[PDB]
Amino acid sequence: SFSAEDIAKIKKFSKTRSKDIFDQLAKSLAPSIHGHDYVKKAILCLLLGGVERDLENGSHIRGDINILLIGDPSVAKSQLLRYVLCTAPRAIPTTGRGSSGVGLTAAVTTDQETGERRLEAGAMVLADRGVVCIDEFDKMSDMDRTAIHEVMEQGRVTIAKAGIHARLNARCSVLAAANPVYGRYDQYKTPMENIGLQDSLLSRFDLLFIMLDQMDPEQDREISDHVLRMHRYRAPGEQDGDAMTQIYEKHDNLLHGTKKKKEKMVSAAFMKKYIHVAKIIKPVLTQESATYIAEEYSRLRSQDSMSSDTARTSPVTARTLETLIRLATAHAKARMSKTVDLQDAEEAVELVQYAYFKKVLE
Amino acid sequence: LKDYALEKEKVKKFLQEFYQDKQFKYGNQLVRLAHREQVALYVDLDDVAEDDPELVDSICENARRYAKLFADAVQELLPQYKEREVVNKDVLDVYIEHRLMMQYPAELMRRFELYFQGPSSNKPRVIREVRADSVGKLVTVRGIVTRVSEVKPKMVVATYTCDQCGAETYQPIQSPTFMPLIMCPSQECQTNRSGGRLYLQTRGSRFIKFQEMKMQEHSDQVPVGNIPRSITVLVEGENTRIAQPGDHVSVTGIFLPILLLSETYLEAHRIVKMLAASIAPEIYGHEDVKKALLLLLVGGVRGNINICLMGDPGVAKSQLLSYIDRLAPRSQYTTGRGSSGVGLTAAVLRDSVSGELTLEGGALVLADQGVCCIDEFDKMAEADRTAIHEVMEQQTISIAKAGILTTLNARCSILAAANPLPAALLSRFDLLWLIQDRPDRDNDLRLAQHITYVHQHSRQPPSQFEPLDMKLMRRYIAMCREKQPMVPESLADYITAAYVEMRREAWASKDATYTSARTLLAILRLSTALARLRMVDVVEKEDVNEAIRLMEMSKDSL
DNA sequence: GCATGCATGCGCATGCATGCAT
DNA sequence: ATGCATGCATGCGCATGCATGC
Ligand SMILES: Nc1ncnc2c1ncn2[C@@H]1O[C@H](COP(=O)(O)OP(=O)(O)O)[C@@H](O)[C@H]1O
Ligand SMILES: Nc1ncnc2c1ncn2[C@@H]1O[C@H](COP(=O)(O)OP(=O)(O)O)[C@@H](O)[C@H]1O
Ligand SMILES: [Mg+2]
Ligand SMILES: [Mg+2]
Ligand SMILES: [Zn+2]
């Protein structure tokens with residue numbers, strides 16, 4: 001693939017920062033990638049995750065989140081996917097045509113040695129309580145999407161071939177990266193034409209993000225500065241020209257910059273430990289936030305008459321309320337606490353506002 | 001070490017001094033066993049707890065020895081309780097009587113079997129956790145049956161008759177394979193040294209029923225990222241014909257190896273099976289979509305009912321199907337192509353015992369006389385859809401391929417879920433329910449409040465009418481299904497009219513309508529089901545009115 | 001809407017190696 | 001002491017199911 005005295009460090013950092021914990025964790029997610037704060041927050045929410053609930057009648061409520069990123073080429077989506085693969089404990093990359101439905105889903109093979117039928121686990125079966133990254137999601141066939149639908153809905157796989165039948169657990173989370181049908185995102189056309197996906201598939205996803213490569217001179221200057229600062233960097237202790245744990249990372253003149261001396265980034269190991277500890281915690285929802293969330297859900301649904309000229313990326317269904325609750329639970333997990341507060345729901349509401357609506361240019 | 005004579009005496013006195021249950025149960029059991037009115041006796045280890053608990057531990061550690069001791073004790077106790085001769089005696093009883101009239105193995109004269117029931121204090125184990133530590137002990141396992149073998153006879157004691165003498169030789173069998181005898185060990189032949197040869201007899205020999213079965217772990221007990229494991233159980237005696245494929249069972253038995261590696265197996269002792277419109281209280285709304293499910297569960301007087309629900313995504317159709325699958329006693333649930341083709345219908349497979357080919361059925365075969373649930377119906381293959389249509393219309397499946405020529409009986413009721421109409425569904429399905437969603441602030445607020453309450457308190461909001469548990473609903477359905485109402489002759493003059501005008505209305509609305517004798521048959525079936533719900537012998541008008549209202553509501557869903 | 005390419009189970013026979021019951 | 005039945009590949013012939021390309 002734990003320490004002893006870092007518990008004091010974790011307790012001190014939590015009791016000190018409190019509210020700023022989530023912001024600092026989101027900011028220090030990936031120094032090598034510039035911008036995209038909301039995407040980093042969503043990735044942190046995936047790392048934390050929701051709460052699975054089981055009731056008396058045996059009904060199951062999903063606790064995982066799903067995010068789909070769509071945008072122009074060279075906006076650092078594959079880099080984010082690779083970073084999630086590196087950081088997540090159980091992370092599995094499965095490209096579009098790399099694996100078929102038989103590879104993603106467990107299958108049945110008749111054993112010649114004994115004459116019996118045995119089950120061989122698929123890609124999603126192995127990644128229980130983990131992360132599955134799918135690059136080039138648009139290239140995937142329809143049948144694979146139909147197979148993935150059951151896992152995205154209830155996280156279980158039903159298999160049956162005469163003489164044997166079973167149900168396997170597939171409680172996983174999915175990252176997906178896809179390109180627009182026209183290659184580059186057309187500003188004028190509606191998002192429905194650009195995405196080119198059925199409503200059910202989008203609804204089963206929890207969050208949709210649209211990223212654009214706007215050629216603004218200031219943004220280009222900042223991006224070039226960051227890229228060349230990262231490229232000029234060389235690891236300390238290595239001779240020039242050669243071929244080939246503190247809570248806050250040591251400041252570097254190249255990785256951070258002179259201006260960034262006022263702030264520091266969290267170390268990777270401490271971040272991993274804190275993420276694990278937070279994932280252990282089981283928060284509880286309060287009554288104050290429930291009415292607020294319900295009223296804001298009603299406002300979101302009634303916004304059809306208040307959308308102005310902006311369009312909606314994804315339809316609003318009953319799953320959106322569960323997504324709101326799950327994001328609130330994740331944000332509550334971000335800082336070590338016990339109850340859900342108002343700002344906790346406000347953050348998820350802001351995320352939904354940013355994700356769900358987009359302006360259309362003439 | 002300990003002498004077995006003292007423990008045998010303790011067992012004998014225990015079998016005679018357990019009045020504390022007021023009738024003497026063991027006396028009656030022994031009387032029935034002596035008069036050949038009972039062929040099986042079960043011993044409760046919870047009953048033994050009143051006596052010295054050391055016997056319980058000893059039995060849990062050396063079960064086979066104590067089973068044999070109990071059998072011997074019961075055999076010795078049998079003569080005392082005898083009062084009369086056998087009223088009607090069969091072939092084996094005739095042989096036993098003739099042999100007694102004229103040493104014999106104990107099991108040859110014996111005609112009863114003894115079994116142990118696991119203590120309630122003994123916690124059931126997991127198939128994954130039974131290992132070398134449990135070899136030779138008594139264990140309890142909960143699982144799901146997947147494969148069962150046919151019933152066949154198995155030798156217990158073999159009887160040989162000599163060529164030149166009337167003496168009969170007896171050979172016990174304690175191995176899967178045995179070596180038949182040749183020479184006669186009788187004293188007459190030994191003295192004369194005639195060298196006669198023995199011949200096997202089927203009539204004098206003793207046979208017992210034998211069965212194989214396989215069990216798998218529940219999906220809840222499977223660890224992270226693993227696959228359920230399987231175990232093999234042997235069935236003999238009166239325990240035969242109890243377990244069937246697809247059932248959730250609990251078996252108490254012994255863990256024994258087979259011959260320095262060895263292969264393990266289980267020997268079974270006890271096998272056990274594991275308004276009213278309150279279906280899924282967790283889901284808000286859909287008041288008129290739940291009575292149809294109740295009528296589907298109750299069924300008609302062929303009287304089968306098939307229901308299809310078409311709806312936009314996010315209205316939670318799958319949860320209703322899962323609840324129906326869980327509630328029904330015999331039920332199967334299909335998600336899509338993961339159980340296509342061979343998953344349905346049947347396939348030919350090798351046998352564990354006979355070594356030949358036998359037919360094993362699919363989901364539809366298992367769901368015979370039950371309810372089947374299908375999700376994402378529109379995504380199924382053409383062959384699966386044709387098979388489903390054949391099941392719906394004819395209730396039998398016909399298979400004719402290389403090596404297979406069979407007609408399987410499948411009397412199952414189908415509930416299907418789908419997304420958005422084709423004429424096949426309207427012409428074939430009895431009831432179609434189209435669920436459409438539109439934004440309303442008050443309804444949205446109510447649904448959000450209910451969903452938040454469900455997520456917070458982990459229980460549906462309380463109301464004036466409390467719902468009911470699954471056991472009570474199952475018992476109520478079982479009680480309701482007993483009766484069979486009849487339609488009175490006079491009400492025909494009503495019902496026919498209620499049909500004709502309806503069709504006339506359908507003739508007025510030429511846009512999109514479908515009516516035939518199938519609608520009348522569905523109305524009659526629904527009316528009979530509603531009358532059965534009231535336990536009335538004669539169908540009443542209110543049932544017909546309710547069925548007509550339900551059909552109209554289904555039709556009015558655009 | 002259908003024939004074909006690509007696995008995969010089924011049933012079978014055939015050849016090479018070895019381990020011991022009559 | 002010796003010859004043979006069996007375990008373990010491997011070719012042969014076949015049917016069956018899933019995907020796609022015109
Ligand atoms: N905002 C950014 N900050 C730093 N580097 C970037 C940024 N956007 C793109 N890049 C660089 O451009 C490359 C984009 O490649 P890739 O991540 O494969 O694009 P995509 O995932 O959109 O196909 C990366 O190697 C990355 O180093
Ligand atoms: N009327 C309702 N009452 C309560 N919860 C609902 C309702 N409709 C939808 N939901 C919630 O929305 C989710 C819908 O998911 P799912 O059942 O997979 O939808 P579908 O079955 O339509 O694909 C469920 O988890 C359920 O908790
Ligand atoms: Mg990329
Ligand atoms: Mg569904
Ligand atoms: Zn003789």
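Residues numbered from 1 in each chain as written, not as in the entry; some residues may be left out. Chains lettered and ligands numbered in written order. Part of a larger assembly, values for the part shown. Heavy atoms only, no water. Residues with missing side-chain atoms left out of burial classes, pairs and counts.

As summarised from the PDB record, the model derives from cryo-EM at a stated resolution of 3.2 Å.

## Here's the deal with the pairing of strand β6 (residues 117-120) of chain A
Residues and elements named next belong to chain A. Only one face of β6 is buried: it carries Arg117 and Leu119, and the other face, with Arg118 and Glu120, is open. Pairing geometry for strand β5 (residues 107-110) and β6, over four bridges, is antiparallel. Bridging across to β6, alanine 107 finds its partner in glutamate 120. The hairpin turn running from β5 into β6, its antiparallel successor, is six residues long, and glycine 115 in that turn takes a positive phi close to 85°. (Buried < 20%, exposed > 50% of the residue type's maximum accessible area, 1.4 Å probe, protein only. Helix = DSSP H or I, 4+ residues; strand = E, 2+ residues; numbered from the N terminus. Pairing = 2+ DSSP bridges.)

## A short note on the UniProt feature "binding site: ATP 2" in chain B
All names here are of chain B. Feature annotation in UniProt assigns "binding site: ATP 2" to the following positions: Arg428 and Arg518. Over a stretch of 91 residues, the named residues converge on one spot in the fold, their C-alpha atoms separated by at most 8.6 Å. Among the secondary structure elements, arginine 428 is positioned in helix α13 (residues 423-428). The partly exposed category is assigned to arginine 428, whose relative accessible area is 26%. Among residues more than four places away in sequence, those in contact with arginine 428 are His389, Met392, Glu393 and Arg518. A polar atom in the side chain of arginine 428 sits 2.6 Å from the side chain of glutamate 393. Position of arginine 518 among the secondary structure elements: in helix α17 (residues 517-533). (UniProt positions renumbered as here; feature names shortened; annotations may be inferred. Contact = heavy atoms within 4.5 Å. Polar contact = N/O pair within 3.5 Å; in protein donor to acceptor, adjacent residues only side chain to side chain.)

## Re the pairing of strand β9 (residues 164-169) of chain A
All names here are of chain A. Pairing of strand β8 (residues 156-161) with β9 involves six bridges; the strand directions are antiparallel. Counterpart to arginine 156 in the pairing with β9 is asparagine 169. Taken together, β8 and the strand that follows it, β9, pair antiparallel across an intervening segment of two residues, in which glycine 163 is found at a positive phi of about 105°.

## Section: the protein's contact with DNA strand D
Residues and elements named next belong to chain B. The full set of residues close to DNA strand D is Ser340, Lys401 and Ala402. Side-chain polar atom of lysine 401 to a phosphate oxygen of DNA strand D: 2.9 Å apart, as the coordinates give it. Between DNA strand D and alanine 402, the relevant distance is 3.0 Å, taken from a phosphate oxygen to a main-chain nitrogen or oxygen of the residue. (Near = heavy atom within 4 Å.)

## Examining the sheet that holds strand β10 (residues 307-311) of chain B
All names here are of chain B. Taken in spatial order, the five strands make up an open sheet running β11-β14-β17-β10-β18, and their pairing is parallel. The open sheet has two free edges, formed respectively by β11 (331-334) and β18 (431-435), since each of these has just one partner strand. Neighbouring strand axes in the sheet, compared pairwise and without regard to direction, differ in orientation by 10° on average. Here β10 runs beside β18; their pairing, made up of five bridges, is parallel. (Axes fitted to C-alpha atoms, helices over the stretch in contact; angles between N-to-C directions.)

## Some details on the nonpolar core
When a protein is soluble and globular, its nonpolar side chains tend to lie buried together. Counting residues in hydrophobic clusters, the biggest one holds 61 residues, and the most contacted among them are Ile67 and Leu321 of chain A. It is helix α3 (residues 37-48) of chain A that contributes the most residues to this core, eight residues altogether. The residues contacting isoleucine 67 of chain A, other than those within four sequence positions of it, are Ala42, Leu46, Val174, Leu175, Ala176, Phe205, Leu207 and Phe209 of chain A. With 37 residues, the next largest nonpolar core counts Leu15, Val43, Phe112 and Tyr265 of chain B among its residues. (Core = buried A, V, L, I, M, F, W, Y, C linked by side-chain atoms within 4.5 Å.)

## Examining the site of ligand 1
Residue and element names in this part refer to chain A. The local shell around ligand 1 consists of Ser32, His34, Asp72, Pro73, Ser74, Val75, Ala76, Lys77, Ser78, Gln79 and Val227. Within the backbone of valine 75, a nitrogen or oxygen atom sits 3.1 Å from an oxygen atom of ligand 1. Surface burial for ligand 1 is 66%, taken as the share of its 570 Å² of free accessible area covered by protein chains. Top element by residues in the shell around ligand 1 is helix α4 (residues 77-87). It accounts for three residues. Of the residues that constitute the shell around ligand 1, the class distribution is four nonpolar, five polar and two charged. (Areas by Shrake-Rupley, 256 points an atom, 1.4 Å probe, with all protein chains shown as cover. Nonpolar A, V, L, I, M, F, W, Y, C, P; charged D, E, K, R; others polar.)

## Observations concerning a nonpolar patch on the surface
All names here are of chain B. A grouping of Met179, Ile182 and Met183 is seen on the molecular surface, where their side chains present a nonpolar patch of about 330 Å² in accessible area. Following the sequence through the fold, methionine 183 ends up in the loop between β5 (168-172) and α8 (187-192). A residue is classified by how much of its surface remains accessible, and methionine 183, at 47% relative accessible area, is partly exposed. (Patch = residues over 30% accessible without salt bridge, like charges linked within 9 Å, V, L, I, M, F, W, Y side chains within 5 Å. Salt bridge = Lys/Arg side-chain N within 4 Å of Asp/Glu carboxyl O.)

## Side note on the side chain of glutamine 24 of chain A
Here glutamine 24 of chain A is to be found in helix α2 (residues 20-27). We classify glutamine 24 of chain A as buried; its relative accessible area is 14%.

## Side note on the site of ligand 2
Lining the immediate environment of ligand 2, one finds 14 residues, of which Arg319 and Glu322 of chain A together with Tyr284, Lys317 and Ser318 of chain B sit closest. Residue neighbours of ligand 2 fall on chains A and B, so the site bridges chains. With respect to ligand 2, the backbone of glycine 314 of chain B contributes an N or O atom lying 3.3 Å from an oxygen atom. Here an oxygen atom of ligand 2 sits 2.9 Å away from a polar atom, N or O, in the main chain of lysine 317 of chain B. Here ligand 2 has 560 Å² of accessible area as a free molecule, and 90% of this is covered by the chains. Elements represented by at least two residues in the shell around ligand 2 include exactly α13 (319-334) of chain A together with α10 (317-327) and α14 (441-457) of chain B. For the shell around ligand 2, the leading source of residues is α10 of chain B, giving three residues. Here the residues of the shell around ligand 2 sort into seven nonpolar, three polar and four charged.

## Regarding the protein's contact with DNA strand C
The environment of DNA strand C is made up of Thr109 and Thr110 of chain A together with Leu349, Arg350 and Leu357 of chain B. Close to the protein, within 4 Å, the atoms of DNA strand C are drawn from sugar and phosphate at a rate of 100%. A distance of 2.7 Å is found between a phosphate oxygen of DNA strand C and a side-chain nitrogen or oxygen belonging to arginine 350 of chain B. Of all the elements in the fold, those that place two or more residues in the surface near DNA strand C are β5 of chain A together with β12 (346-350) of chain B. Of the residues in the surface near DNA strand C, the class split is two nonpolar, two polar and one charged.

## Thoughts on the pattern of salt bridges
Within the structure shown, the criterion is met by 49 salt bridges over all chains. The shortest N-O distance in the salt bridge between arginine 118 of chain A and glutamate 116 of chain A comes to 3.1 Å. On the basis of relative accessibility, which here comes to 29%, the residue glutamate 116 of chain A falls in the partly exposed class. Here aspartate 430 of chain B makes a salt bridge to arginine 525 of chain B, at a shortest N to O gap of 2.5 Å. Here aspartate 430 of chain B is found in the loop between α13 and β18, whereas its partner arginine 525 of chain B is found in helix α17, with 95 residues between them in sequence. Of the residues examined, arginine 525 of chain B reaches a relative accessible area of 14% and is grouped as buried.

## Thoughts on the sheet that holds strand β11 (residues 207-211) of chain A
All names here are of chain A. On the basis of which strands lie adjacent, the open sheet formed by five strands has the order β4-β7-β10-β3-β11 and parallel pairing. Each having just a single partner strand, β4 (91-93) and β11 make up the two edges of the open sheet. The sheet shows a mean angle of 15° between the axes of neighbouring strands, direction not considered. Pairing between strand β3 (residues 66-71) and β11: five bridges, direction parallel.

## Some thoughts on the packing of helix α4 (residues 54-61) of chain B against helix α5 (residues 63-81) of chain B
Residues and elements named next belong to chain B. Relative orientation of the contacting elements α4 and α5 amounts to 115°, with a least axis distance of 5 Å. If you check the angle between α4 and α5, you find them roughly perpendicular. On α5, the residues that touch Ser58, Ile59 and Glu61 of α4 are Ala63, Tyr66 and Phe70. Residue composition of the contact of α4 with α5, by class: four nonpolar, one polar and one charged. (Parallel < 35°, antiparallel > 145°, perpendicular 65-115°, else oblique.)

## As for helix α11 (residues 268-280) of chain A
Under the 1.5 Å per step criterion, the end-to-end length of α11 of chain A is 18 Å for 13 residues, consistent within 8% with the ideal 18 Å. For α11 of chain A, the full list of buried residues reads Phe270, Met271, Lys273, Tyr274, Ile275, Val277 and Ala278 of chain A. (Expected span 1.5 Å × (residues − 1).)

## A look at helix α10 (residues 217-232) of chain A
In this model α10 of chain A runs 22 Å from its N-terminal to its C-terminal C-alpha over 16 residues, within 8% of the 22 Å that 1.5 Å per residue would give. With a side-chain oxygen positioned 3.0 Å from the backbone nitrogen of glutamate 218 of chain A, the residue opening α10 of chain A is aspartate 216 of chain A.

## Some remarks on the interface of chain B and chain A
Contact residues are listed per partner, giving 44 residues for chain B and 50 residues for chain A. Per-element tally for the side of chain B that touches chain A: the top contributor is α14 of chain B, with nine residues. Taken together, the residues that form the side of chain B that touches chain A break down as 17 nonpolar, 16 polar and 11 charged.

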